[PDB]
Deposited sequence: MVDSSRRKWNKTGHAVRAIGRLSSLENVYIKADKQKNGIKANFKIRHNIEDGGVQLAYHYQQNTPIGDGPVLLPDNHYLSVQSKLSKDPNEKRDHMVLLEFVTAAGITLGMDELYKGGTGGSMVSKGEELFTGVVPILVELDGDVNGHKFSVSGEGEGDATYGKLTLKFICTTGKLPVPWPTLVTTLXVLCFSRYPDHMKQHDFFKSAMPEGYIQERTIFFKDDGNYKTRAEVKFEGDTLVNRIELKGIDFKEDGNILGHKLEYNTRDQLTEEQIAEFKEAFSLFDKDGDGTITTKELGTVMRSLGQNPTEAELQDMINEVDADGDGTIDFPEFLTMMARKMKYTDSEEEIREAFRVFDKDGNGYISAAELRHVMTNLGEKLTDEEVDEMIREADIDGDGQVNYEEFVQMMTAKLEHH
């Protein structure tokens, strides 16, 4: 009914602003002192029975050789991962499909390294990992190929030691960013290929929030025609029954993106896109945000758009909005993020969305609703019947 429908549209607009306010990409910066790069990013692992495990990544890369390399301007990589099982495989294994693209530098105002030439076709890949987490040792072998033209990787991994003592998803980032698609205007910022064929050292520390950490060191280089990733991993301070050693993480996160859900995203999109030209500008994003209480600067609005602007044109195209909302529904929000969403409606911070607060939000968004059909909205969400929406009830409206 067009009352549940109003929860979706308004709810979707609030999680869109949540997405636009978060940092989900792989942020690369030059590190002149090491002749390399450094990176930071946040990974989300869905917890099988509900919630999310965050993994905070810090990364450094260093050329193995003394050839000249490209030190980039600030940019990011966007990564889409799909995990699956080979139904003919009896060993503990993971099948990985990964697409990696560089963006985050807008179009305007101007080279292409020799390493880049090694990546114009399909390149075979080998991966070898030796790990030790809280004294539990394991090895992993992987094979596949990479197609940098489309930023595409296909890789199958076997645990050669028997049972993997951590969940496979926690190893994805560790187990070849030289396969990233860099667009034509950003070819001078591709450190990864510029270091080849002699290769780079890749190091990370990965902090699992409320749990232990991984430390990784990898050598990434050509052995003949093959791109080889050789890794050592050490994990300490894990909890025996946390999400990692207790294996409480989801293996396959669904890309179920229905025609019904796309249509719901288009309804939220059209709240931002008030002139109906199919794109959202800083002006339009600024207008919806001020209407909900917030007061961002031109610069903040430019950054928020930059975070999802795949084509660098300075606006959120409808397809870029569909891409960001698919990510937002594929991976679970932290409690801190759902509470932020709740506080948009819960104006006074008392733990309860009153019908006055919900209308304030609605009529502030230019949504004409009679006291009757505002009450229908509260009805829809209000399980415990107090005529208010508490946190646990909000968390129910905001689910698939």
Would you flag the ranges of the deposited sequence that the structure leaves without C-alpha positions?
1-2, 113-122, 188, 414-418
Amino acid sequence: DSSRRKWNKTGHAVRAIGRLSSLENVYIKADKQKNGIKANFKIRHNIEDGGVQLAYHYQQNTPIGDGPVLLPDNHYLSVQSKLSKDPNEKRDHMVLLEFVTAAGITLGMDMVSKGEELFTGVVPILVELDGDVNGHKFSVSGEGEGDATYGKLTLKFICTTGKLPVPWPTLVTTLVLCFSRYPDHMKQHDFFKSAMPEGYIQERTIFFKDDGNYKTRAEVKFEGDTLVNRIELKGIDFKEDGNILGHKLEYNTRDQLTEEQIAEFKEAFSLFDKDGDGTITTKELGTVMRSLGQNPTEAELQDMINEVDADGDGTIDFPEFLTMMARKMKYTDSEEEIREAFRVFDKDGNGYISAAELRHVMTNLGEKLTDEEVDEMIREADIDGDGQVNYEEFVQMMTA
From here on, numbers count along this sequence of modelled residues.
Going by the average Cα B-factor in the PDB entry, point out whether 128-136 or 293-301 comes out higher.
293-301
Mean C-alpha B-factor higher for 266-274, or for 249-257?
249-257
Comparing recorded Cα B-factors across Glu117, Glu284, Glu219, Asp313, which one is largest?
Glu117
Based on the PDB entry, the highest CA temperature factor among the options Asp211, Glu307, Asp190, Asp241 is that of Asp241
Please say which third, lowest, middle or highest, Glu336 falls into when its CA temperature factor is compared across its chain.
middle
Compared with the other modelled residues in the chain, in which third is the CA B-factor of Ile43?
lowest
Lowest, middle or highest third of the chain for the C-alpha temperature factor of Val288?
middle
According to the PDB entry, is the CA B factor of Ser81 in the bottom, middle or top third of its chain, that is, lowest, middle or highest?
lowest
Thinking about Cα B factors across the chain, which third does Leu70 belong to?
middle
